[PDB]
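Trainee: Residue numbers (the numbering used here), protein chains in the order written: chain A, 1 to 170; chain B, 171 to 657; chain C, 658 to 1021; chain D, 1022 to 1071; chain E, 1072 to 1123; chain F, 1124 to 1652; chain G, 1653 to 1792. Here's a structure for you.
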Amino acid sequence: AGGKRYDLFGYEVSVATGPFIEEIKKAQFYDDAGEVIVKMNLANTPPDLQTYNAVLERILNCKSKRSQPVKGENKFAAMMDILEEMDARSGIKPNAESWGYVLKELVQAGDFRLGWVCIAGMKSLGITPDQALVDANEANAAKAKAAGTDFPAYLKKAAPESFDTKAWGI
Amino acid sequence: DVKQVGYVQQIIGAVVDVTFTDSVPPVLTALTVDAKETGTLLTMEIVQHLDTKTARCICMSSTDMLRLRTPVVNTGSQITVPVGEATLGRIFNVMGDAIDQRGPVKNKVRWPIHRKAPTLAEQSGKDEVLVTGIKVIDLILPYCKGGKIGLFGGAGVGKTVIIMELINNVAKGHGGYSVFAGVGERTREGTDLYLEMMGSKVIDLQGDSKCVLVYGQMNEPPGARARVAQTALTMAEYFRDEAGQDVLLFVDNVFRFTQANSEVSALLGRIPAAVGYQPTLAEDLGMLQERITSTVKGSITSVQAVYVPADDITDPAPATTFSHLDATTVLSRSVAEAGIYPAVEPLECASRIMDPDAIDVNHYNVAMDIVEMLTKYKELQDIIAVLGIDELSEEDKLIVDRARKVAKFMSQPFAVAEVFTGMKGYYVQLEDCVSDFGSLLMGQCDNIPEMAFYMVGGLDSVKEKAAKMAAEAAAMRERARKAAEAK
Amino acid sequence: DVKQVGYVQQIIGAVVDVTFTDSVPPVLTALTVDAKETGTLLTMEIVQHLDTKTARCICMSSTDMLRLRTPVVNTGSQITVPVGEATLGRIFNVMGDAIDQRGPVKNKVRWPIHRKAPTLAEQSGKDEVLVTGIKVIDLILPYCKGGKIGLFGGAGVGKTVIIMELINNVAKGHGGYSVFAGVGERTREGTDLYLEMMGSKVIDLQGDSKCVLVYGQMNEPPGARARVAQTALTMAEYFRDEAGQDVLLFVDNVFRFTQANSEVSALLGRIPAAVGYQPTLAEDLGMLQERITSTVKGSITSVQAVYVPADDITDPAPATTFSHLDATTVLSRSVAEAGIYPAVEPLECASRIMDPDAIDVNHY
Amino acid sequence: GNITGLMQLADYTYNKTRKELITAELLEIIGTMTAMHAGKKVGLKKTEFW
Amino acid sequence: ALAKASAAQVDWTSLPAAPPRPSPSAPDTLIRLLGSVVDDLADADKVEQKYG
Amino acid sequence: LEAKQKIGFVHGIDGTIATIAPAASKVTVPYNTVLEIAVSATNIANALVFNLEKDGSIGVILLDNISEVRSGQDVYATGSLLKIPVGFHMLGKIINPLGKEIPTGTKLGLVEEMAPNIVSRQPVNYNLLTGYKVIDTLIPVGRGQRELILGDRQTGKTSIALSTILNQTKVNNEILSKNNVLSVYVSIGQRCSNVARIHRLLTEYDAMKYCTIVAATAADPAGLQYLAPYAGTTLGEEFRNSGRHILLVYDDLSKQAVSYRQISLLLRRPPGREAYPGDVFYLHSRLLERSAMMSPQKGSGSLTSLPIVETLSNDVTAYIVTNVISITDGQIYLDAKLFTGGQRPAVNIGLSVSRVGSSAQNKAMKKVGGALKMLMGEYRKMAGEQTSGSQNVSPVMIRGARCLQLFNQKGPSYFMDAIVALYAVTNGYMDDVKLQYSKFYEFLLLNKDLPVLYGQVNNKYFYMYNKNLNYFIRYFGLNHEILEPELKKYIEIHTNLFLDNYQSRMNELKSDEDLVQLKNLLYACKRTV
Amino acid sequence: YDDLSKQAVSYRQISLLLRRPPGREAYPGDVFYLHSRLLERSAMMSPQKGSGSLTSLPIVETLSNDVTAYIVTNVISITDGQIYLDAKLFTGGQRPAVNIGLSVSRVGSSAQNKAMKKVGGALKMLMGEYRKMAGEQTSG
Ligand SMILES: Nc1ncnc2c1ncn2[C@@H]1O[C@H](COP(=O)(O)OP(=O)(O)OP(=O)(O)O)[C@@H](O)[C@H]1O
Ligand SMILES: Nc1ncnc2c1ncn2[C@@H]1O[C@H](COP(=O)(O)OP(=O)(O)OP(=O)(O)O)[C@@H](O)[C@H]1O
Ligand SMILES: Nc1ncnc2c1ncn2[C@@H]1O[C@H](COP(=O)(O)OP(=O)(O)O)[C@@H](O)[C@H]1O
Ligand SMILES: [Mg+2]
Ligand SMILES: [Mg+2]
Ligand SMILES: [Mg+2]
């Protein structure tokens, strides 16, 4: 009941995507959701915007990537890698909902600067954020401002007056 | 009525030896091994005999899980391949089996793969020029319609890219048909070409296409990679003889056909010739090259690519390909590393229809004057490297600059090279390609700088670029002044 | 029990074929003919099988006055050679027989010469500079304790002299047992070395000797030169594994090990590779090199010399030898002709320990 | 004088390498012909011995 | 052969691997108390985890 | 229940290879299949069929327990190809090409499979960050790509591939496990100690979770060295078919060709050019055409390949080298004249290309690499000149040289940390500094944020400390309205603070102690950055 | 003959496939004799033999101006002179692009006519000097 989709080789393509999105929402660790994209794509069902946003929801709302913990987890980077897989690779383009999921995480992560990048990028794409998140970004900014946490501390300390391979930390 | 069956003697690599009690079939006959045992139809092809009871043979499919003493069926005919309009817009294998998942092929008829060359009476040489849109070719190597072309060059020079551009320019404007034969090509280039022909709607499945694509690639064994060009000619000679149409026959490339049989010649027991090639190379290549020729019925305007390993022209494979062509286009690493594409050496390449009478006289004289100029130009790098530019007459410095401008001007961006160049390609017409060289030949454009000629098309594009470079120079001059004003 | 017996089949050079009635022993098994017939003892290792009831085997001593129906005896083992402190201060043959005329070697056990290489778990590469006192060798290609060294140079460039200098600097103040494998080099040099050390009390025969000498020289047939490096490695691997002690392994040189295996491959009938070497060159050389490693048990600091005929690195023998080493020291002739000695070409040389992680930053 | 000194070495190594390349190609061909001789079998030689 | 293989698999001398550790994610209150010191302390923690 | 089928007895054995004598006549063996040799009542020696003959004899490649082989041993037949275990359970292991694990201190996959056909693979769209600026900018490597690494001995061939493996790790811990690229390091004919050090390197940087190592050392049989890279690609099969990504690193393939030569010549195949059998092109063709970026129908998976080929005296005229340049898309040519001449990695750009180009690399890297190509094409024409117009030097002669300094590395560089160093060059912010201080600059530009220290913080977000701007840069690009002005208002302050506080102090040094101290600092900056 | 260099490839093909013993450039031994069977049939016959004549213009293609090649070496050893064309001159508007020093006719004057001996004998004494001057003079 929709415009039939085609691959780059003009082959007809499946659209019956619902049964896979449910497997994303039923997930508990947000690495299995990507695997659902894989098992979906093998079946000649390529992902659509709704599916990627389901994955960004499951990312934002899940606790950890895998059952065991992992060093180097960044809840933001996975979400912002899906958008590169979306825009460039697959040709699909995100929407206001997608960037909304993205900005919520930077609020939760407390990283107030990357938020402002997202705030500007939205409106450069016509998207408009929810002020509930914009104000929380500014709140985290003001807190980190007054507290001296505006930057990390290791940047706000003097450098070696004398050149020495050890002092600079290399 | 019944087809005789033969039992295998031995299997060494791709070569197999088969017994035949009653009598052995003709040479080049095909021989099927049923897929019950090895999972796939293992077709095989006789190359030579050994005995009245025995004959060895090649396999275009990989001989795996193949027992000894397996029954081998005499088809009674060599490799029949389909021909028609239905072959259009489809990828095909050596056997004519369509590898794309588009469905079956409709075939009212199915011609063999090996056929005798056209008799001398059947041939026909008509001096008619082909407009490639490329700027070197249209002057020094004006390609003849119905003739044979060769893009000789090593690795990394643009011969494949030139083929892509020639498809873009010629095949669209070609009201007839076209054929591409991948012979030892990369399997990735097949995707890029198929997706281009589909995006360009040369291949229009719902509509009508005008391009057959045959692919026997690096992944395939030698018996396949050898029997591809003949497959493409089964496709093309139908369009020539029967349909009477004009045909394009792109080949990437003729050298892999050669070494495919070199990889087998040792197994056949033929004593190898010099550099590691088969003794029957020249004959084997001639049996294919002669099939590529116009006739009274039609015209195949073939284009061939050749790999020159180690950039050594003395390799007998290219050297034997010289005789079998009309436009021996040559590419060189030295021009490529200088930033000039297509990396053609105009002195090392020369065509057949570069005559006074076949083409225009202005064309001929301008071309030969440029060749004559670049010769002196080489002789003067040989001096400037040693003495200096100051040790040459002003009249000599003049032709230095002119040859240095012709070398950079004969560069050209291509629409296919948008990825690498980052600039849109330009189509240069033949008439415009003579009033721009000839102008530069008689000092009509010496005031124009040098780099304005680099990587552009006609002469009108130059003055655009030169006007720019004047502006972007004035910017740094006045910005240097304002830098002095500020500090 | 009763000993197996076999009878000779054909002879082409040092290579021999033998007919074994019952069955053929494994490859590398030794096979002996009594000295009554040939006049001297003759041990012959199997290297390949031709068919059942046949084995092709190479000889160590010369095949002179050897006949086609001579009784050959299966020893039932590989070529065993002695090990221990009794191997110290003694010169040995390929067969492990001592030739220095001193007395019976008081061995306790003998180990075979062919051996599987160490496992990846046993290897432990610790990077430590080996101060030779030579000046180019320190800066450009600093040697590694427990690593391998290559002196790649033509005829008359000075690799043998570098070895002698290293012996006087490194080996004497090493505190570990050294080994000297002569493989197809001048017998003269072995005499001079035995006297250079017997005077320096390294081969003190009335006391404690810190050295082992092994010499299969150029006079010897290819059957010996092809299997003498292994004989030195047995002597060194005992001190590496059992004693758990650091050792030195001076090889002079492996190019004749390669030549010997090539001269044999011609006799065996194997199809040769390019310039005329055996097809199995890389394998035969790797089975030797990878035995020379530094395990958790000990360490072997080898100094392998290599010859380059016609001053050609593209010769497959050195070309293969590069990948097996830690410090390449490429000598030159044009440098030697210019009066410089050692005739090192620093641009072609290389090292592994040449990183700031191992050597101090300024030296790098 | 110097250029000539270089030219003799260049001509010398050119001809050295030329001849070695010739010899090498020969030994390739002879290696292959010889390997094929090994590939070919011996016959029977049936005749009266009595 | 099963017994031999099982014996080779085990390494009693060795210590079994500990559970995987997540990123520290130190709180802002810690950092506000100790701006410049937490980096040094994490480095010393790695040093002690290796040596001590 | 399970009765093994016998086909003959061992007739002859020549080192690594053997010849079988068949028992009965009606028995028939397949081709390329594995056989077994009852070396003992307990153990079995695997093997492989390489020839069949009119006599019924079988030319056999041996792979295990060769020393236990004799003549007359009973020979059995599986009637199946050579296979190995495959799966995610193999990651974090060193493995014999027969699948056997090498200690330290269900599923089966075919070793030889046909390649992805011309419809079953997508063109290259996405990148593979090897970590080096020359390879990310000017020689863009992509996924589903096969790019050779040429070079003379001891030039950095191994290290480029290892650094690729080490660059991917940080990302893979951040991104999902579908877009992470795993790795396989195949060591053919190498030394066992080199393999140990590689294992320990990857284990230090924790790159071993996402890497397996296929070891076929020099002492290993030639058949095992022959089938090693097939074992690697055989593991890549599953990650293709499981929609994942994977990287291959074939350490020297020349050593995989010596093994095929050894096999074929000892089995009395006819030699060919340089004593190879002749069909050694088809060998690497089979190996390398298996690389692809698979169609979305097939999971949008991939496997990149970084084959390595040793070179002798910087020639590209040897047989196997030409056979591989023919096959591989691009090549990373490493010149000893440049390795020896100071710069490391010693990439020679005139001879190193990539036949994919912008389509592989990133939106943010397209606009910089397209500038560096122009700049280096112009610097290639002038840099032969000993600089005479010291103040009349062209801007290209400046920017190009500083970019060459930036090309000097030791380890991989993060994407955010690479562009911002190259952007300054192409746009000329780093023109007042001298060449020798081009990297200390970079160090401070990437690890010691000056404006955060000296109070010149007007930028709202753009600072190099966060390290999470890589994803915004990657998506939006640098030439974007939201990122361009903040970028310039970070670098111009970095330049002014450098030129005023640091550069000034540097040029005031006259003593030898202090100048040697400053000397070693810049070499450290060239390594770590 | 256009040309003999291909004729030798054919003799190679035949001889190798029929397992004749190979030699340099994979040719047999009697491939010099092959062209001697042919070219010596060229002659200027005697007045006892009608005074007829068979002239020969055998073509032989070189590669990168090589004359050390086997066939070229042979045919030069056989022929009563030679002509040597050059591509460096063909491109420079010199057509036919001889190189007169390498080109030789051992039949120098006995072929020439009375009107031709004087003229060409002057041209030799002109071009031999033209080269000693043209080679040393500058480009300018
Ligand atoms: N450091 C040195 N000082 C003076 N002469 C040297 C030095 N090193 C080598 N030579 C000279 O070089 C010559 C050969 O030395 P050496 O015995 O090492 O040759 P080699 O490298 O072993 O070559 P070969 O094995 O073919 O003899 C001798 O004349 C020797 O004196
Ligand atoms: N970018 C680099 N910076 C610093 N050192 C480097 C760099 N690249 C390579 N090297 C050094 O060069 C040496 C050899 O590198 P690598 O192991 O890659 O050599 P290779 O190409 O494998 O040659 P071979 O295989 O013969 O060992 C090592 O000491 C290595 O640290
Ligand atoms: N017209 C062109 N403009 C710019 N670069 C080119 C052009 N043609 C070729 N190249 C360069 O040469 C490389 C190889 O081209 P390709 O045709 O694949 O070589 P080959 O034909 O030898 O296989 C390209 O990847 C590109 O870098
Ligand atoms: Mg190409
Ligand atoms: Mg010596
Ligand atoms: Mg390496």
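Even for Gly, the Cβ is constructed at its ideal location relative to N, Cα and C.
(1) Which residues, in chain order, does the stretch 1718-1746 of chain G contribute to contact with chain D at a C-beta distance below 8 angstroms?
(2) Quick one: what's F/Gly-1232 bridged to in DSSP?
(3) Does the separation of the CB atoms of C/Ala-984 and C/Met-717 fall below 8 angstroms?
(4) Please decide whether C/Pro-975 counts as near chain D, where near means a Cβ-Cβ distance under 8 angstroms.
(5) Flag F/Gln-1277 as yes when its Cβ comes closer than 7 angstroms to any non-hydrogen atom of ligand 2, and as no otherwise.
(6) List the residues of chain F that B/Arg-239 touches, going by C-beta distances under 7 angstroms, in chain order.
(7) Go ahead and label B/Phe-190 buried or exposed: buried means 16 or more other beta carbons lie within 10 angstroms of its beta carbon, across all protein chains shown.
(8) Return the residue from the list B/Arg-239, B/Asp-192, B/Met-214 and B/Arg-358 that minimises the CA-CA distance to B/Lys-223.
(9) Check this for me: beta carbons of F/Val-1304 and F/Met-1416, under 8 angstroms apart or not?
(10) How is the alpha helix (DSSP H) around F/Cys-1648 delimited, first residue to last?
(11) Does DSSP put F/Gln-1579 in a helix, a strand or coil?
(12) Which of helix, strand or coil does DSSP assign to D/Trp-1071?
(13) Across which residues does DSSP place C/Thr-958 in a beta bridge pair?
(14) Given this structure, state the Cα-to-Cα distance separating C/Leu-945 from C/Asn-918, to the nearest angstrom.
(15) Listing by chain order, which chain D residues have their CB less than 9 angstroms from the CB of B/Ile-441?
(16) Apply the 10 Å Cβ neighbour rule to A/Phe-9 and answer buried if 16 or more other Cβ atoms are within range, or exposed otherwise.
(17) Which residue marks the beginning of the alpha helix (DSSP H) containing D/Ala-1059, and which one marks its end?
(18) With the cut-off set at 8 angstroms, would you say F/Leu-1641 and A/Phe-163 are in Cβ contact?
(19) Cβ of F/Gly-1355 within 8 angstroms of Cβ of F/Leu-1371?
(20) How should B/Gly-360 be labelled, buried or exposed, when 16 other C-beta atoms within 10 angstroms of its C-beta is the threshold for buried?
(21) Rounded to a whole number of angstroms, what is the C-alpha to C-alpha distance between F/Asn-1531 and F/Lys-1649?
(22) Is any non-hydrogen atom of ligand 8 found closer than 7 angstroms to the C-beta of C/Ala-812, if you look at the structure I gave you?
(23) With three or more C-beta pairs closer than 8 angstroms as the rule, is the stretch 893-904 of chain C touching the stretch 945-957 of chain C?
(24) Does the contact criterion of 3 or more C-beta pairs under 8 angstroms hold for the stretch 610-626 of chain B versus the stretch 568-586 of chain B?
(25) Apply the 10 Å Cβ neighbour rule to F/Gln-1277 and answer buried if 16 or more other Cβ atoms are within range, or exposed otherwise.
(26) Within this structure, are the beta carbons of F/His-1368 and F/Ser-1418 separated by less than 8 angstroms?
(27) Does the stretch 51-71 of chain A touch the stretch 96-106 of chain A, meaning 3 or more C-beta pairs lie closer than 8 angstroms?
(28) Distance check for F/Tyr-1154 and F/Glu-1236, CA to CA, integer angstroms please.
Mentor: Reading off the structure:
(1) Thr-1720
(2) Stepping through the sixth sequence from its first residue, residue 1232 of chain F is reached at position 109. Looking at the DSSP assignment, F/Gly-1232 forms a beta bridge with F/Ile-1207.
(3) Locating residue 984 of chain C in the third sequence gives position 327, counting from the first residue. Locating residue 717 of chain C in the third sequence gives position 60, counting from the first residue. Their beta carbons are not under 8 angstroms apart, which means C/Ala-984 does not touch C/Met-717 by this criterion.
(4) If you number the third sequence from 1, residue 975 of chain C lands on position 318. C/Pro-975 does not count as touching chain D.
(5) In the sixth sequence, the residue the question calls residue 1277 of chain F occupies position 154. Answer for F/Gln-1277: yes, Cβ within range of ligand 2.
(6) Within the second sequence, the letter at position 69 stands for residue 239 of chain B. Ordered by position in chain F, the residues that pass the 7 angstroms Cβ test against B/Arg-239 are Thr-1151.
(7) To locate residue 190 of chain B, count along the second sequence from 1; it is residue 20. Per the 10 Å Cβ criterion, buried.
(8) As a position in the second sequence, residue 223 of chain B is number 53, starting the count at 1. Among B/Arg-239, B/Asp-192, B/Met-214 and B/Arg-358, the Cα nearest to that of B/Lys-223 is on B/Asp-192.
(9) Taking the first residue of the sixth sequence as position 1, residue 1304 of chain F is located at position 181. Taking the first residue of the sixth sequence as position 1, residue 1416 of chain F is located at position 293. Not in contact: F/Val-1304 and F/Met-1416 (Cβ atoms no closer than 8 angstroms).
(10) In the sixth sequence, counting from the first residue as 1, residue 1648 of chain F sits at position 525. Looking at the DSSP string, the run of the alpha helix (DSSP H) that includes F/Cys-1648 is 1635-1651.
(11) Locating residue 1579 of chain F in the sixth sequence gives position 456, where the first residue counts as 1. Coil, per DSSP.
(12) Taking the fourth sequence and counting its residues from 1, the one referred to as residue 1071 of chain D is at position 50. The answer is coil: DSSP assigns D/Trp-1071 none of H, G, I, E or B.
(13) Here residue 958 of chain C corresponds to residue number 301 of the third sequence, with the count starting at 1. Looking at the DSSP assignment, C/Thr-958 forms a beta bridge with C/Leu-905.
(14) By 1-based counting over the third sequence, the position of residue 945 of chain C is 288. By 1-based counting over the third sequence, the position of residue 918 of chain C is 261. Their backbone Cα atoms lie some 12 angstroms apart in a straight line.
(15) Mapped onto the second sequence, residue 441 of chain B falls at position 271. Simply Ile-1050, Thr-1053, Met-1054 and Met-1057.
(16) As a first step, residue 9 of chain A must be located in the first sequence, where it is residue number 9. So A/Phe-9 counts as buried.
(17) One-based indexing of the fourth sequence puts residue 1059 of chain D at position 38. First-last of the alpha helix (DSSP H) with D/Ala-1059: 1023-1060.
(18) Sequence index remark: in the sixth sequence, residue 1641 of chain F carries index 518 (1-based). Sequence index remark: in the first sequence, residue 163 of chain A carries index 163 (1-based). Yes, these two residues count as a Cβ contact at 8 angstroms.
(19) Looking up residue 1355 of chain F in the sixth sequence gives position 232. Looking up residue 1371 of chain F in the sixth sequence gives position 248. For F/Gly-1355 and F/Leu-1371, yes; Cβs fall inside 8 angstroms.
(20) As a first step, residue 360 of chain B must be located in the second sequence, where it is residue number 190. So B/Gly-360 ends up on the buried side.
(21) As a first step, residue 1531 of chain F must be located in the sixth sequence, where it is residue number 408. As a first step, residue 1649 of chain F must be located in the sixth sequence, where it is residue number 526. Computed Cα separation, rounded: 6 angstroms.
(22) With respect to ligand 8, the structure shown offers nothing to examine, as its ligands consist of ligand 1, ligand 2, ligand 3, ligand 4, ligand 5 and ligand 6.
(23) yes
(24) yes
(25) Within the sixth sequence, the letter at position 154 stands for residue 1277 of chain F. Its Cβ being crowded by 16 or more others within 10 Å, F/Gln-1277 is buried.
(26) Taking the first residue of the sixth sequence as position 1, residue 1368 of chain F is located at position 245. Taking the first residue of the sixth sequence as position 1, residue 1418 of chain F is located at position 295. The answer is no: Cβ separation not under 8 angstroms.
(27) yes
(28) Your numbering for residue 1236 of chain F matches position 113 in the sixth sequence. Your numbering for residue 1154 of chain F matches position 31 in the sixth sequence. Between F/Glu-1236 and F/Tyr-1154, the C-alpha separation is close to 14 angstroms.
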